[PDB]
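Read the single chain below, which is given as structure tokens and is the form solved without adenosine monophosphate (AMP).
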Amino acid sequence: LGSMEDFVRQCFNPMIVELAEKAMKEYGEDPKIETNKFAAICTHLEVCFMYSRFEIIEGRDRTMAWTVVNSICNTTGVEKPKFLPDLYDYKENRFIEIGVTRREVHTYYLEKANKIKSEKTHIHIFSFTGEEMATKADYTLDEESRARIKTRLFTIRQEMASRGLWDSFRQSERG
């Protein structure tokens, strides 16, 4: 049984580890203790950066994110989201909320949708199974582009498994 804080650090992007290290410290969660959530954050992030037409919101400091949201919201006449999407899509002129779950796709979706009280925020969910779900059957990206996202979650799962780490990860998610 390996060290997740190891695997995370030596299996994600430096960039990605330290944006998520830094995302965590901001809620006073230690990456050394909260290592399963540490990886999850890194993965969720990695995905958002592969779904990139698209402006990125996840990853920025909250000050920077909220300003980013606002110039768009001021320039397009788009409703302000209450919370913070992950991306914006210039082609469909909408904000997108990205979700990566190790649970039920349907459960995670409705949890997302009911949080954000979206009218216009689009919601794309993937899991480590292929299983996915986008708001209104609107998959935004082309079967290929989504497929590469699918492949890599798979390459995350087994590489965890190689170290006895997959098992726990799998079962430790909540809402």
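One-based numbering along the sequence shown.
According to the record, 10 or more deposited residues between residue 52 and residue 53 are left without atomic coordinates. Stretches 40 to 48 and 144 to 152 differ in mean CA B factor, with 144 to 152 having the higher one.
Remark: stretch with higher mean C-alpha B factor among 28 to 36 and 64 to 72 is 28 to 36. Ranked by Cα temperature factor within the chain, residue 167 sits in the lowest third according to the deposited record. The deposited CA B-factor of residue 124 belongs to the lowest third of values across its chain. The deposited CA B-factor of residue 87 belongs to the middle third of values across its chain. Among the modelled residues of its chain, residue 137 has a C-alpha B-factor that falls in the lowest third, as given in the PDB entry. When all modelled residues of the chain are sorted by CA temperature factor, residue 131 is found within the highest third.
Another form, the form deposited with adenosine monophosphate (AMP) bound, is not on view; read the next lines as being about it.
No clash is found between adenosine monophosphate (AMP), overlaid from its position in the bound PDB entry, and the backbone or C-beta atoms here, as no atom lies within 2.4 Å; the site counts as open.
Taking the partner from elsewhere, residue 160 is found to have every heavy atom lying beyond 4.5 Å of adenosine monophosphate (AMP) in the bound PDB entry. Of the heavy atoms in residue 44, some are within 4.5 Å of adenosine monophosphate (AMP) in the bound PDB entry. Residue 112 belongs to the set of residues with a heavy atom inside 4.5 Å of adenosine monophosphate (AMP) in the bound PDB entry.
Remark: residue 108 counts among the residues lining adenosine monophosphate (AMP) in the bound PDB entry, judged by a heavy atom distance of 4.5 Å or less. Annotated contact segment (heavy atom within 4.5 Å of adenosine monophosphate (AMP) in the bound PDB entry): 33 to 41, selected among 33 to 41, 145 to 153, 66 to 74, 128 to 136.
In the bound PDB entry, adenosine monophosphate (AMP) lies within 4.5 angstroms of at least one heavy atom of each of the following residues of 52 to 89: 58, 59, 86, in sequence order.
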